[PDB]
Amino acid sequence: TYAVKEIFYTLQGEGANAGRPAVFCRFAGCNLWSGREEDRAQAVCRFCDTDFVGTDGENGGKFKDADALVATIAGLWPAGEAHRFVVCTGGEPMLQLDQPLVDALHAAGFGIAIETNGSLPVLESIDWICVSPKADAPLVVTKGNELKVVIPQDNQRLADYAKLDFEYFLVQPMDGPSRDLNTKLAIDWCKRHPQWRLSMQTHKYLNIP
């Protein structure tokens, strides 16, 4: 059984796969914040830009099993087109993403990405692992495809993240009332430390979901 906030078809806005058509499956619920505003200031992750509470978004709901969820995901892909790609997010997708769902998505011809905060172990059969560490949470996933660090965060040891086992090391400016400022900080960081590259939230500039 899966609790899903919304499922939608768009381009991946972030990370190395930015620009790529993807079905986004947004699981409800996170382990670093309740999703309630009155809780935000005391939460482990306090900067979240996302509504992951409940199952009331587009295509959202409680799915009986993996086949029902996969059916809805596949249904959003253009008929007769391949390159099927799903980005599992949330919320924290590792609270709910399990092997039977991964196997059913693979059997349906999807490549699978995850967006995860890195505080929970990941399924290594996932094809694309994006880890976005939250400075005040544990980081237990220390290898993956891309480490996409939102900056600035207090308590961050940013340069050290670069010792972890990832193919790409990205900084993503924190959105909120200081986005332009954070974007300038992020560009400068990369130019001074070019192991790192910039991940913009391109979907916000394109005004697409």
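Residue positions are given as counts along the sequence shown, with the first one as 1.
- Remark: stretch with higher mean C-alpha B factor among 148-156 and 52-60 is 52-60.
- Between 43-51 and 164-172, it is 43-51 that carries the larger average Cα temperature factor according to the deposited entry.
- Remark: of 130, 79, 135, 87, 79 shows the highest value [criterion: C-alpha B-factor in the PDB entry].
- The deposited CA B-factor of residue 31 belongs to the middle third of values across its chain.
- Ranked by Cα temperature factor within the chain, residue 115 sits in the lowest third according to the deposited record.
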